[PDB]
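Visitor: Residue numbers (the authors' numbering), protein chains in the order written: chain D, 1 to 222; chain B, 1 to 222; chain C, 33 to 131, 157 to 335; chain A, 35 to 141, 154 to 335. Cβ coordinates follow ideal geometry from the N, Cα and C atoms, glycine included. Following this message is one structure expressed as structure tokens.
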Amino acid sequence: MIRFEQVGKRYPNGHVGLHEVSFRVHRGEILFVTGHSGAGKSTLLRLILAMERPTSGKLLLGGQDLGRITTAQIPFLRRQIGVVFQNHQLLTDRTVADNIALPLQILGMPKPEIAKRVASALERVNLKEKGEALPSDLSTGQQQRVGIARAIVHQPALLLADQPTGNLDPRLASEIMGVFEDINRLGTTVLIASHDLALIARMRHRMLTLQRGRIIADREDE
Amino acid sequence: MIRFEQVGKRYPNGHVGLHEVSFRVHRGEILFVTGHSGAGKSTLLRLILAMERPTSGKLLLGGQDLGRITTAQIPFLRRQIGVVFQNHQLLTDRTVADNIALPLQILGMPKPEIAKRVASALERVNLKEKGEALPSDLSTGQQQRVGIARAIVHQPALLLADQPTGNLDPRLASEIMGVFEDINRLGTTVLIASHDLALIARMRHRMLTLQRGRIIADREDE
Amino acid sequence: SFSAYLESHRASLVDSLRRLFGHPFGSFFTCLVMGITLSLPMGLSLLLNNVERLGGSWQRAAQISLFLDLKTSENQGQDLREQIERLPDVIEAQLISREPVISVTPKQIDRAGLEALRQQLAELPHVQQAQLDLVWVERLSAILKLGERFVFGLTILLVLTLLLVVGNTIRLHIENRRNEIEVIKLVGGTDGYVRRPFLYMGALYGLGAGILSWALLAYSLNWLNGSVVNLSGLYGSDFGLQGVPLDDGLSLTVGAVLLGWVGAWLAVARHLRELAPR
Amino acid sequence: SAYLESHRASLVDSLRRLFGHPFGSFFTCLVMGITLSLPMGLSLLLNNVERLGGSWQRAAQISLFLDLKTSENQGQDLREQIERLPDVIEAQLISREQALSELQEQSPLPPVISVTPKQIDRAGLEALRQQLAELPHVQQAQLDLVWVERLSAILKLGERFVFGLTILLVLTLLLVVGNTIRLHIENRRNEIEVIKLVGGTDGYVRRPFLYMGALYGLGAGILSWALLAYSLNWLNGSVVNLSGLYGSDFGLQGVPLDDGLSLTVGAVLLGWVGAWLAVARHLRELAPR
Ligand SMILES: Nc1ncnc2c1ncn2[C@@H]1O[C@H](COP(=O)(O)OP(=O)(O)OP(=O)(O)O)[C@@H](O)[C@H]1O
Ligand SMILES: Nc1ncnc2c1ncn2[C@@H]1O[C@H](COP(=O)(O)OP(=O)(O)OP(=O)(O)O)[C@@H](O)[C@H]1O
Ligand SMILES: [Mg+2]
């Protein structure tokens with residue numbers, strides 16, 4: 001229900017970020033993407049994020065296609081999915097607790113269970129002692145996993161994320177994608193992408209590989 | 001001659017940045033320090049930059065110590081280091097080529113050689129025709145490559161880096177670290193730091209490890 | 033989610049206060065500027081209103097010096113006293129004795170041509186010589202409406218400079234700390250949610266500026282009272298410039314508050330439209 | 035020698051950064067231009083009324099009635115004799131035979159004299175009035191003592207008023223320009239720390255903002271000059287009306303070249319100093335050692 005068809009984005013500047021793509025994804029499936037440096041992956045998932053337009057073809061998400069969408073409907077779809085970025089974005093001068101809690105206020109729930117849930121999210125990342133601190137204080141991997149937790153909370157119906165543990169301990173990433181699988185245990189579809197091929201050979205996998213805008217450098221290979 | 005005697009970092013927030021360390025790096029050496037997530041590696045390297053106060057202990061830079069130093073003297077010392085930072089720092093709304101040329105502009109060197117130098121840097125980093133563009137245009141790995149290029153120019157006598165290949169594919173990681181090896185072949189030193197040691201383990205080096213703010217969880221393994 | 037609607041306002045305000053109390057020197061430095069700018073227009077309104085209280089010096093002179101008949105007759109002058117009261121363009125013809158004449162001040166200034174009324178007045182019981190100098194009317198009418206163009210220009214110029222300064226400062230302040238406007242937006246949230254805190258601190262800046270101007274203006278007028286009371290008693294009168302009425306001051310402050318609020322809309326709209334998916 | 039080289043580049047991008055985002059830069063230029071306009075605008079009309087300085091005095095003029103029969107040549111010499119005395123803007127002779135006719139048209155008679163002083167204090171001028179009543183052939187010195195003291199009071203409120211307005215407006219201008227420059231400087235910190243961690247001296251990291259402030263000051267000054275000229279010409283519609291009606295030759299000349307030059311140079315100097323102060327704050331802020 002995440003089908004793609006003949007899509008490709010060319011910049012007005014002249015560059016062709018995406019040449020041509022067409023495929024489908026089923027509900028509740030784990031996904032992986034790899035490729036070289038110049039491959040368009042962050043752009044690829046940004047298409048789903050829709051800060052831009054397809055520039056070619058069409059993509060359909062459930063009932064409504066992503067292209068030609070009212071701006072008023074944009075929050076009503078962007079508030080259902082948690083994400084994380086290579087250049088993580090965090091609210092400076094606001095501590096970790098509210099930084100994580102943001103989506104809860106976005107939907108709007110009483111504070112007590114909100115603090116309960118943020119506490120619950122804290123242990124799954126092992127940042128118990130960092131409960132009240134400015135993001136500028138944290139060490140490099142710490143804010144990355146903080147953003148990860150930001151995506152974790154509110155049990156999003158779907159997860160996208162970006163390359164996690166890009167600067168993390170190899171051992172410490174183990175429990176991380178373990179938690180990712182635990183999330184996948186429910187009706188949650190994950191679209192993680194990375195370069196560490198070593199650990200993408202363990203569980204169920206799909207290895208969608210992009211090469212210079214070319215959709216098929218690889219296939220299912222499940 | 002890099003040499004550390006007993007010195008540690010205490011943070012004013014009451015948290016302990018670093019307990020105590022004592023090192024000595026001979027001239028021309030190479031280091032591949034690594035550790036777990038919470039290890040103060042980035043803080044450790046920032047200490048050499050003198051952008052942080054030594055706090056508990058004292059530290060030396062060959063003929064002059066890192067302390068009681070003129071602030072006006074600092075830019076001269078920073079002139080001799082082409083460091084790169086994990087959160088790559090790039091001048092938005094300023095072209096890529098000039099972004100690279102900035103250190104040589106600081107040195108006041110004649111313009112005509114600047115273009116040939118920056119072109120020469122481009123092949124080593126494996127980026128063609130991507131200059132004269134804006135940093136916001138590029139992709140993440142491209143930006144990291146840009147930071148590397150900014151670091152490598154003007155033949156720095158000292159080389160510092162932090163988590164290179166933070167998002168690169170292993171192929172590109174190989175050639176760039178080979179370039180670092182060429183720099184080490186030249187009369188330079190390198191203190192790269194990364195969590196991924198599988199790649200570096202193939203090549204002879206000096207791995208140093210720290211944990212929990214302590215000097216060493218593990219010792220030298222030359 | 034009406035209960036949450038209340039909570040958004042509550043959390044937004046308290047956060048702003050912490051943000052406002054934090055970085056106090058810069059916030060005060062900003063607030064002082066538009067406070068002192070807001071002082072000027074309403075201060076001039078107060079000044080003109082105060083001189084309006086002393087509204088007898090405009091007419092003051094230019095009383096028709098209708099000479100009563102050389103033969104002394106106070107009764108006839110008293111009899112003709114009341115007729116002038118009936119007619120407009122005048123106030124009252126007060127009868128005077130030899131140590157005769159009767160005079161009346163106008164209300165407006167008119168110009169040359171309204172002395173036909175003076176010639177018409179020189180047809181009454183006591184008419185020895187109608188006397189109403191013209192050239193004074195000319196000079197006075199030249200001075201006035203010239204003052205009116207002058208005040209018009211100052212008013213419009215100063216209103217424009219105030220509007221520009223407040224709008225520009227709010228715009229630049231909103232332009233800074235941009236990261237939030239997107240970091241909240243992509244993960245979700247609505248226009249009002251992101252908009253509210255920016256409304257709040259702008260309202261606080263406006264309130265603080267409106268308060269500061271009150272004290273500045275009151276102190277300035279008290280400083281200047283020294284000469285005005287001196288000349289007031291000196292001329293043989295009692296007219297000293299008075300203090301700030303609270304009824305006007307509250308209207309002063311609420312204007313600043315609403316001005317900050319509308320400036321908040323204007324500044325936020327540019328960025329919100331800019332970051333459209335397009 | 036590279037000192038010259040650094041300056042040239044700092045201009046090119048500054049102009050480039052100027053035209054990039056033109057509407058906002060124009061908006062900022064306009065605000066401080068219109069603010070700069072006002073104090074000098076008030077200053078010029080003071081120069082105008084100074085040029086028309088005669089009517090300031092001679093309105094509450096001091097006149098004297100001499101002895102019953104004073105010789106015409108006596109007064110003709112007395113005007114000059116009092117001319118060496120300070121408080122005579124004018125000293126014009128009116129003989130007895132002229133005074134008779136003058137009173138005849140106004141309605154033996156004392157010869158009258160015309161004396162306009164400079165100073166305005168009632169006490170010194172009334173002492174000089176008694177002296178004018180102690181002249182060799184004067185008889186009485188007509189001075190409505192209420193006129194002279196009223197005149198004395200007239201200066202005081204006016205001078206206090208203008209002094210207060212000037213002292214208010216100059217600091218208002220200082221505050222607005224400094225605050226706006228500080229706000230631009232507070233924007234865009236990231237490059238500051240980027241170059242600082244790379245190295246480079248204070249002047250290198252400082253110059254572009256100084257050029258930016260200078261160009262803002264220049265633009266604001268030019269715009270203020272133009273607006274002031276336009277406003278003066280628009281107001282000029284009514285000034286000639288009184289000149290014709292009363293009969294005179296006063297007209298509000300506008301924007302002499304030298305004063306416009308001074309206005310613009312002051313504006314650019316303010317931009318320079320505001321930029322320097324604003325950057326000093328961040329540079330102090332980012333000092334660990
Ligand atoms: N706004 C843009 N300007 C210029 N090029 C762009 C832009 N958006 C995408 N591209 C091009 O698309 C290519 C890849 O897009 P993408 O961002 O997804 O790379 P990536 O998957 O994130 O890999 P990486 O960031 O590590 O380099 C980039 O190399 C870039 O040349
Ligand atoms: N300014 C600070 N104040 C207080 N504590 C700090 C400060 N900076 C770092 N710390 C603490 O010191 C620890 C180590 O800092 P450091 O940034 O060097 O870790 P790191 O080298 O970056 O490792 P990693 O990349 O995985 O994050 C951090 O986890 C943090 O808890
Ligand atoms: Mg580190």
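#1: Grouping DSSP H, G and I as helix and E and B as strand, with all else coil, what is C/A333?
#2: List, in order along the chain, the chain B residues whose C-beta lies closer than 8 Å to that of A/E39?
#3: Strictly by DSSP, which residues pair up with B/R24?
#4: Between C/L191 and chain A, is there a C-beta pair that is closer than 8 Å?
#5: Listed in chain order, which residues of the stretch 245-264 of chain C have Cβ atoms closer than 9 Å to some Cβ of chain D?
#6: Between the beta-carbon of A/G263 and the beta-carbon of A/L316, is there less than 8 Å?
#7: Within the structure, which residues are defined as neighbours of ligand 2 by a Cβ-heavy atom distance below 6 Å, reported in chain order?
#8: Whether or not the stretch 93-108 of chain A and the stretch 183-197 of chain A are in contact is what I'm after, with contact meaning three or more pairs of Cβ atoms, one per stretch, closer than 8 Å; do they touch?
#9: Let's see if you can read the secondary structure: which residues bound the beta strand (DSSP E) around A/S59?
#10: Taking contact to mean 3 or more Cβ pairs, one atom from each stretch, closer than 8 Å, check whether the stretch 288-303 of chain C and the stretch 195-209 of chain C are in contact.
#11: List, in order along the chain, the chain B residues whose C-beta lies closer than 7 Å to that of A/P334?
#12: Please classify A/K164 as buried or exposed, where buried requires at least 16 neighbouring CB atoms within 10 angstroms.
#13: Quick one: list the residues of chain D neighbouring C/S33, beta-carbon separation under 9 Å, in chain order.
#14: What residue range is occupied by the uninterrupted beta strand (DSSP E) comprising C/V286?
#15: Does the stretch 30-43 of chain B touch the stretch 193-213 of chain B, meaning 3 or more C-beta pairs lie closer than 8 Å?
#16: Got a sec? Which residues, its chain only, sit under 6 Å from B/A151 by beta carbon, not counting five neighbours each side?
#17: Whole angstroms are fine: how far does the CA of D/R117 sit from the CA of D/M109?
#18: Which of the residues in the stretch 41-70 of chain A, read from start to end, lie with their CB under 7 Å from any CB of chain C?
#19: Is there a Cβ from chain A that is less than 8 Å from the Cβ of B/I152?
#20: With 8 Å as the threshold, decide whether the Cβ of B/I148 is near any Cβ in chain A.
#21: What residue range is occupied by the uninterrupted beta strand (DSSP E) comprising C/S160?
#22: Please classify A/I213 as buried or exposed, where buried requires at least 16 other C-beta atoms within 10 Å of its C-beta.
#23: Chain D beta carbons: is any one of them nearer than 8 Å to that of B/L138?
#24: Indicate whether the contact test is met: 3 or more Cβ pairs, each with one atom in the stretch 9-18 of chain B and one in the stretch 178-198 of chain B, closer than 8 Å.
#25: Excluding the 5 residues flanking A/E239 on each side, which residues of the same chain have their C-beta closer than 8 Å to its C-beta?
#26: Any beta-carbon of chain C closer than 8 Å to the one on D/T95?
#27: Give a yes or no on contact between the stretch 126-143 of chain B and the stretch 93-113 of chain B, applying the rule of three or more CB pairs nearer than 8 Å.
#28: In this structure, does DSSP put A/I231 in helix, strand or coil?
#29: Residues in its own chain within less than 8 Å of A/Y257 by CB, not counting five upstream and five downstream?
#30: Which chain A residues sit within Cβ distance under 7 Å of B/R79?
#31: Could you give the first and the last residue of the continuous alpha helix (DSSP H) run that contains A/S97?
#32: Could you tell me whether the stretch 47-64 of chain B touches the stretch 118-126 of chain B, using the rule of 3 or more Cβ pairs below 8 Å?
#33: Can you pull the chain C neighbours of D/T71, defined as C-beta to C-beta under 8 Å?
#34: Name, please, each residue of chain B whose Cβ falls closer than 7 Å to the Cβ of A/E237.
Guide: A quick look at the data gives this:
#1: coil
#2: Listed by position along chain B, the residues whose Cβ is nearer than 8 Å to that of A/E39 are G108.
#3: B/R3
#4: no
#5: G245, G246, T247, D248, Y250
#6: yes
#7: D/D137, D/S139, D/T140, D/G141, D/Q142, D/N167, B/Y11, B/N13, B/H15, B/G17, B/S37, B/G38, B/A39, B/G40, B/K41, B/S42, B/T43
#8: yes
#9: Premise fails: A/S59 lies in the alpha helix (DSSP H), 56-85, not in any beta strand (DSSP E).
#10: Touching, no.
#11: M51, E52, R53
#12: exposed
#13: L107, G108
#14: C/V286 -> not in any beta strand (DSSP E); alpha helix (DSSP H) instead, spanning 248-291.
#15: yes
#16: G82, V84
#17: 11 Å
#18: So the list reads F61, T62, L64, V65, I68, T69, given in the order they occur along the chain.
#19: Cβ-Cβ to chain A under 8 Å: no for B/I152.
#20: no
#21: 158-160
#22: exposed
#23: no
#24: no
#25: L332
#26: no
#27: yes
#28: helix
#29: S44, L45, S48
#30: When 7 Å is used as the limit between beta carbons, B/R79 is near these residues of chain A: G245, in chain order.
#31: No alpha helix (DSSP H) holds A/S97; the beta strand (DSSP E) holding it covers 96-100.
#32: Inter-segment contact for the stretch 47-64 of chain B and the stretch 118-126 of chain B is absent: fewer than three beta-carbon pairs are separated by less than 8 Å.
#33: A333, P334
#34: Residues of chain B passing the Cβ test: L91.
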